[PDB]
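K.L.:
Just so it is clear, I am handing over run32.txt, which has compact mmCIF, N, CA and C atoms.
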```txt
# COMPACT_ATOMS: atom_id res chain seq x y z
N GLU O 1 8.37 2.92 8.38
CA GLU O 1 7.57 1.71 8.70
C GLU O 1 6.19 2.08 9.23
N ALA O 2 5.15 1.61 8.54
CA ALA O 2 3.78 1.89 8.94
C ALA O 2 3.06 0.62 9.38
N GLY O 3 2.72 -0.23 8.41
CA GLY O 3 2.04 -1.47 8.72
C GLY O 3 2.91 -2.68 8.48
N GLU O 4 3.40 -2.82 7.25
CA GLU O 4 4.25 -3.95 6.89
C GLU O 4 5.69 -3.48 6.67
N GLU O 5 6.61 -4.44 6.57
CA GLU O 5 8.02 -4.14 6.35
C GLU O 5 8.24 -3.57 4.96
N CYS O 6 8.69 -2.32 4.89
CA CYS O 6 8.94 -1.67 3.61
C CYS O 6 8.95 -0.15 3.77
N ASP O 7 10.12 0.45 3.57
CA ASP O 7 10.28 1.89 3.69
C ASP O 7 9.59 2.61 2.53
N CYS O 8 9.63 2.00 1.35
CA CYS O 8 9.01 2.58 0.16
C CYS O 8 7.50 2.32 0.12
N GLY O 9 6.93 1.86 1.22
CA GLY O 9 5.51 1.56 1.24
C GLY O 9 4.67 2.79 1.42
N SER O 10 4.36 3.46 0.32
CA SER O 10 3.56 4.66 0.40
C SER O 10 2.52 4.70 -0.72
N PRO O 11 1.28 5.09 -0.39
CA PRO O 11 0.20 5.19 -1.37
C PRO O 11 0.60 6.09 -2.53
N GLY O 12 1.20 5.49 -3.55
CA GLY O 12 1.66 6.24 -4.70
C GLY O 12 3.13 5.99 -4.96
N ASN O 13 3.79 5.40 -3.96
CA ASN O 13 5.20 5.06 -4.05
C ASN O 13 5.37 3.55 -3.89
N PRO O 14 4.75 2.79 -4.80
CA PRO O 14 4.78 1.34 -4.83
C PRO O 14 6.03 0.74 -4.19
N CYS O 15 5.94 0.45 -2.88
CA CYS O 15 7.04 -0.15 -2.11
C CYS O 15 8.34 -0.12 -2.87
N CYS O 16 8.68 1.08 -3.34
CA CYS O 16 9.92 1.36 -4.05
C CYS O 16 9.69 1.71 -5.51
N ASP O 17 10.47 2.67 -6.00
CA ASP O 17 10.38 3.14 -7.38
C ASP O 17 11.55 4.07 -7.71
N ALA O 18 12.00 4.83 -6.71
CA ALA O 18 13.11 5.78 -6.87
C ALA O 18 13.06 6.51 -8.20
N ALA O 19 11.88 6.59 -8.80
CA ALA O 19 11.72 7.27 -10.08
C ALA O 19 10.25 7.36 -10.44
N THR O 20 9.61 6.19 -10.51
CA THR O 20 8.20 6.11 -10.85
C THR O 20 7.68 4.69 -10.65
N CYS O 21 6.40 4.56 -10.32
CA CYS O 21 5.80 3.25 -10.11
C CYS O 21 6.27 2.27 -11.18
N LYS O 22 7.37 1.57 -10.90
CA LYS O 22 7.93 0.61 -11.85
C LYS O 22 9.03 -0.23 -11.20
N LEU O 23 8.84 -0.60 -9.94
CA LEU O 23 9.82 -1.40 -9.22
C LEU O 23 9.89 -2.82 -9.76
N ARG O 24 11.11 -3.31 -9.98
CA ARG O 24 11.31 -4.65 -10.50
C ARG O 24 10.83 -5.70 -9.51
N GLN O 25 10.57 -5.26 -8.28
CA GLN O 25 10.09 -6.16 -7.24
C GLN O 25 8.59 -6.38 -7.36
N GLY O 26 7.84 -5.51 -6.72
CA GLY O 26 6.39 -5.60 -6.77
C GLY O 26 5.74 -5.19 -5.46
N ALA O 27 5.62 -3.89 -5.25
CA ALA O 27 5.02 -3.34 -4.04
C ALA O 27 3.52 -3.63 -3.87
N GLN O 28 3.06 -4.82 -4.26
CA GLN O 28 1.64 -5.15 -4.13
C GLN O 28 1.16 -5.10 -2.69
N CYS O 29 0.72 -3.92 -2.26
CA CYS O 29 0.21 -3.73 -0.91
C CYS O 29 1.29 -4.02 0.12
N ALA O 30 2.39 -3.30 0.01
CA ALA O 30 3.49 -3.47 0.94
C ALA O 30 3.27 -2.63 2.18
N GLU O 31 4.34 -2.20 2.83
CA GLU O 31 4.22 -1.36 4.02
C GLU O 31 3.13 -0.33 3.78
N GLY O 32 2.99 0.05 2.51
CA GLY O 32 1.99 1.01 2.11
C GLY O 32 1.50 0.72 0.70
N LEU O 33 0.26 1.08 0.41
CA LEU O 33 -0.31 0.84 -0.90
C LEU O 33 0.72 1.04 -2.01
N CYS O 34 0.42 0.49 -3.19
CA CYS O 34 1.31 0.61 -4.35
C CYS O 34 0.57 1.20 -5.54
N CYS O 35 1.32 1.65 -6.54
CA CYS O 35 0.72 2.25 -7.72
C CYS O 35 1.29 1.65 -9.01
N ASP O 36 2.34 0.85 -8.88
CA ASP O 36 2.98 0.23 -10.04
C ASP O 36 2.32 -1.10 -10.38
N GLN O 37 2.68 -1.64 -11.55
CA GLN O 37 2.14 -2.92 -11.99
C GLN O 37 2.17 -3.92 -10.84
N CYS O 38 3.07 -3.68 -9.88
CA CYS O 38 3.23 -4.53 -8.70
C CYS O 38 2.05 -5.48 -8.50
N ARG O 39 0.84 -4.92 -8.49
CA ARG O 39 -0.39 -5.69 -8.30
C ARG O 39 -0.90 -5.49 -6.89
N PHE O 40 -1.99 -6.14 -6.52
CA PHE O 40 -2.54 -5.96 -5.18
C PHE O 40 -3.40 -7.13 -4.74
N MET O 41 -3.29 -7.47 -3.46
CA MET O 41 -4.03 -8.58 -2.87
C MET O 41 -5.51 -8.55 -3.25
N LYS O 42 -6.30 -7.86 -2.42
CA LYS O 42 -7.75 -7.74 -2.60
C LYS O 42 -8.45 -7.95 -1.26
N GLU O 43 -7.72 -8.55 -0.32
CA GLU O 43 -8.23 -8.80 1.01
C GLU O 43 -7.44 -8.00 2.03
N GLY O 44 -8.16 -7.40 2.97
CA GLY O 44 -7.55 -6.57 4.00
C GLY O 44 -6.07 -6.80 4.21
N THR O 45 -5.25 -6.24 3.33
CA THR O 45 -3.81 -6.39 3.48
C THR O 45 -3.22 -5.14 4.13
N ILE O 46 -3.09 -4.08 3.35
CA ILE O 46 -2.56 -2.81 3.83
C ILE O 46 -2.75 -1.70 2.79
N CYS O 47 -3.78 -0.88 2.99
CA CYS O 47 -4.06 0.23 2.09
C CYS O 47 -3.41 1.51 2.62
N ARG O 48 -2.70 1.38 3.74
CA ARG O 48 -2.00 2.49 4.40
C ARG O 48 -2.05 3.77 3.57
N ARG O 49 -3.03 4.61 3.85
CA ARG O 49 -3.21 5.86 3.12
C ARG O 49 -2.12 6.88 3.46
N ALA O 50 -1.45 6.67 4.58
CA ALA O 50 -0.38 7.57 5.01
C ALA O 50 0.40 7.00 6.19
N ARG O 51 1.29 7.81 6.74
CA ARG O 51 2.11 7.40 7.88
C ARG O 51 2.26 8.54 8.88
N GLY O 52 3.26 9.40 8.65
CA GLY O 52 3.50 10.52 9.54
C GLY O 52 3.21 10.18 10.99
N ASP O 53 2.08 10.67 11.50
CA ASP O 53 1.69 10.42 12.88
C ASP O 53 0.53 9.43 12.94
N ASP O 54 -0.15 9.26 11.81
CA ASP O 54 -1.29 8.35 11.72
C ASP O 54 -1.59 8.01 10.27
N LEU O 55 -2.86 7.73 9.98
CA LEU O 55 -3.28 7.38 8.63
C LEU O 55 -2.85 5.97 8.26
N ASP O 56 -3.83 5.14 7.90
CA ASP O 56 -3.58 3.76 7.52
C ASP O 56 -4.78 3.19 6.79
N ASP O 57 -4.86 1.86 6.75
CA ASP O 57 -5.97 1.18 6.09
C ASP O 57 -5.58 -0.23 5.65
N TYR O 58 -6.57 -0.97 5.16
CA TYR O 58 -6.36 -2.34 4.70
C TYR O 58 -6.63 -2.46 3.20
N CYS O 59 -5.97 -3.42 2.56
CA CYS O 59 -6.11 -3.63 1.12
C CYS O 59 -7.33 -4.46 0.74
N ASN O 60 -8.17 -3.87 -0.11
CA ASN O 60 -9.37 -4.51 -0.62
C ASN O 60 -9.70 -3.89 -1.97
N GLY O 61 -9.93 -4.71 -2.99
CA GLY O 61 -10.20 -4.15 -4.30
C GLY O 61 -9.22 -3.02 -4.57
N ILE O 62 -8.03 -3.19 -4.00
CA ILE O 62 -6.96 -2.20 -4.07
C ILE O 62 -6.01 -2.36 -5.26
N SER O 63 -6.51 -2.27 -6.48
CA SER O 63 -5.61 -2.36 -7.62
C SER O 63 -4.78 -1.09 -7.68
N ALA O 64 -3.99 -0.88 -6.64
CA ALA O 64 -3.16 0.31 -6.52
C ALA O 64 -3.99 1.48 -6.00
N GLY O 65 -5.07 1.13 -5.30
CA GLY O 65 -5.96 2.13 -4.74
C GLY O 65 -6.33 1.81 -3.30
N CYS O 66 -7.62 1.90 -2.98
CA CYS O 66 -8.09 1.61 -1.62
C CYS O 66 -9.60 1.39 -1.58
N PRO O 67 -10.05 0.44 -0.74
CA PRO O 67 -11.47 0.13 -0.58
C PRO O 67 -12.28 1.33 -0.10
N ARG O 68 -13.47 1.06 0.43
CA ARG O 68 -14.34 2.11 0.93
C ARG O 68 -14.84 1.78 2.33
N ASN O 69 -14.24 0.77 2.95
CA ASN O 69 -14.62 0.35 4.29
C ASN O 69 -13.68 0.94 5.34
N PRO O 70 -14.17 1.10 6.57
CA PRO O 70 -13.38 1.66 7.67
C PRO O 70 -12.33 0.67 8.19
N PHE O 71 -11.10 1.15 8.30
CA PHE O 71 -10.00 0.31 8.78
C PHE O 71 -9.17 1.06 9.82
N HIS O 72 -8.59 2.18 9.41
CA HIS O 72 -7.77 2.99 10.31
C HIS O 72 -8.63 3.65 11.38
N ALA O 73 -8.28 3.43 12.64
CA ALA O 73 -9.02 4.01 13.75
C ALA O 73 -8.29 5.20 14.34
```
Reformat the file's structure so that it appears as C-alpha cells.
P.N.:
Amino acid sequence: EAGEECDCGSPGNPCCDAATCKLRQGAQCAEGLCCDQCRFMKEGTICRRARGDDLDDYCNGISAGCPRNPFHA
C-alpha cells in the first residue's frame, strides 16, 4: 500500500497483472501507476513512481506514465 488501495499498484504493474499489463479490471492510476489498457485519469490521481521507503507522485497526462510536475516530497 502506497497511496491508494491496491497491492498491485506499481508503475509498470497495472494494479494487477500476474503476467503482464492486461488486468481484466483496470489499474487506471491505482495504488500505483498502471501500464495496461487500464487507462488513466489525467488529474493528480496517483503516479506513485515507487514505494519501498518512499517515492510517489500524482497522475497527470499519465497514460500509463507520469507528469513532469513536483508531487512527492
K.L.:
To one decimal in Å, tell me the separation between atom C of residue O:23 and atom C of residue O:52.
P.N.:
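Going from atom C of residue O:23 over to atom C of residue O:52 covers 25.4 Å.
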K.L.:
Return the single residue from O:63, O:57, O:4, O:14 that is closest to residue O:31, with distances computed using all atoms listed in the file.
P.N.:
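Nearest candidate to residue O:31 out of O:63, O:57, O:4, O:14: O:4.
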K.L.:
Might you pull out every residue within 6.5 Å of residue O:51, with all atoms listed in the file counted and same-chain residues fewer than 4 positions away left off, and present them as a PyMOL selection string?
P.N.:
chain O and resi 2+55-56
K.L.:
Here is a test: counting only C-alpha atoms, which residue of O:6, O:64, O:59, O:19 is nearest to residue O:37?
P.N.:
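For residue O:37, the nearest of the candidates is O:64.
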K.L.:
Between O:1, O:53, O:7, O:43, which is the closest to residue O:27 once you count only C-alpha atoms?
P.N.:
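Closest to residue O:27, using only C-alpha atoms: O:7.
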K.L.:
Choose the residue, out of O:26, O:32, O:44, O:9, that has the smallest atom-to-atom separation from residue O:61; count only N, CA and C atoms.
P.N.:
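Answer, going by the shortest atom-to-atom distance: O:44.
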K.L.:
Measuring between only C-alpha atoms, which one of O:35, O:29, O:46, O:73 shows the shortest distance to residue O:13?
P.N.:
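Nearest candidate to residue O:13 out of O:35, O:29, O:46, O:73: O:35.
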K.L.:
Check the smallest atom-to-atom distance from each of O:33, O:16, O:41, O:58 to residue O:70 using all atoms listed in the file, then report the winner.
P.N.:
O:58
K.L.:
Given 6 Å on each side, where is the centre and what are the edge lengths in Å to one decimal of the axis-aligned box enclosing the listed atoms of stretch 14-20 of chain O, as JSON?
P.N.:
```
{"center_x": 8.9, "center_y": 3.6, "center_z": -6.5, "size_x": 20.4, "size_y": 19.5, "size_z": 20.7}
```
K.L.:
For residue O:25, please output as a list in words all residues within 8 Å (counting all atoms listed in the file; exclusion window: fewer than 3 positions along the same chain).
P.N.:
residues 15, 16, 22, 28, 37, 38 and 39 of chain O
K.L.:
Do you have the atom N of residue O:60-atom CA of residue O:48 distance handy?
P.N.:
9.9 Å
K.L.:
Hey, can you check how far atom N of residue O:20 sits from atom CA of residue O:69?
P.N.:
29.0 Å
K.L.:
List as a ChimeraX atom specification the protein and nucleic acid residues near residue O:17, meaning an atom at most 9 Å away when only C-alpha atoms are counted, but skip any in the same chain fewer than 6 places from it.
P.N.:
/O:8,23-24,36
